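The same protein chain appears twice below, in two forms, each given on its own as structure tokens and labelled structure 1 and structure 2.
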Structure 1
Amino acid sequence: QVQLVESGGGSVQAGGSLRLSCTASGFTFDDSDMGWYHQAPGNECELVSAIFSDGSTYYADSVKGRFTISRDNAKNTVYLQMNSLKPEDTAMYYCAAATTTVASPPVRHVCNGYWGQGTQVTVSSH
């Protein structure tokens, strides 16, 4: 079974940084396009960044230049390096074998915690 385990969230001040990790067991990870999604209270489940199985990437416009997604197939892990954090980045972050931005049942399920518990990111104003 696809099981994702997110970690690396935290509570930081604006301008700070975090590195999220997502370990994948139970599926052909190396063949999967992987995404990081996020949701703050009242917001939709939105894709932050995707890394396709070919190693190319997609970034939401709001995080381009601040966040970097990567994967280590040998460790079945996806990472999200988050620099220059902003209060608006505050959210639960979830990993998934999903890489689309469109609100659809598969995407909504991600931020509902269908595949993993997520990791909390809280960024406080200075």
Structure 2
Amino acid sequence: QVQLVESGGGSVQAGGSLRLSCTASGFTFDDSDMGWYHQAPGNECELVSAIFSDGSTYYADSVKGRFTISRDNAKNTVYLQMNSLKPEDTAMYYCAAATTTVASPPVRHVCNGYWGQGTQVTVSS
């Protein structure tokens, strides 16, 4: 089946850096659009950043210039290089895929562990 695995999250102080990784299996990776969603308690599941099949990137206004999304199609992995971390970045981060072989879930499902169980990022003041 489609499997997404996230690692990288942990406790850090503001100004710090974390690198989240996501390895995918069960679908043609090269053709897929990959992304990172996050959910802080009390808030909705929101797209942080996304890397499309064509190489283009999307970044949420709050993370623009601090975070960097990249992909290694050979390793079926997506990376989210999180720099200049702020306490507001504290959330559970979930990896997402947009492939035409599987049905696309509603966004709310991603932050409920539809694929991977997510990786917790905690940033102190």
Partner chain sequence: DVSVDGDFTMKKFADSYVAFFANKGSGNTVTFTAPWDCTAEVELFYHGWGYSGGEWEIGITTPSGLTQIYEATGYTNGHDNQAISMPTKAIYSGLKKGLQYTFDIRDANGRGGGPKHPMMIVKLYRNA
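Shifts are known only where both forms have a C-alpha. Numbering for residues begins at 1 and runs along the sequence of structure 1. Whichever C-alpha set is largest while still superposing within 1.5 Å between the two forms counts as the rigid core.
Query raised in the report: Among the two displayed forms of the chain, which is the form deposited with the partner chain bound?
Result: Number 2 is right.
Report task. Once the rigid core is lined up, just say which one of 39, 99, 32, 68 has a C-alpha that travels 2 Å or more between the two structures. Result -> With the rigid core superposed, the residue that stands out is 99.
Query raised in the report: Cα shift of residue 77 between the two structures after core superposition, in Å?
Result: Residue 77 is displaced by 0.3 Å at its C-alpha.
Report task. Once the core is lined up, would you list the consecutive runs of at least three residues whose Cα atoms each shift 2 Å or more between the two structures? Result -> Core-superposed, just one run shifting 2 Å or more comes out: 98 to 105.
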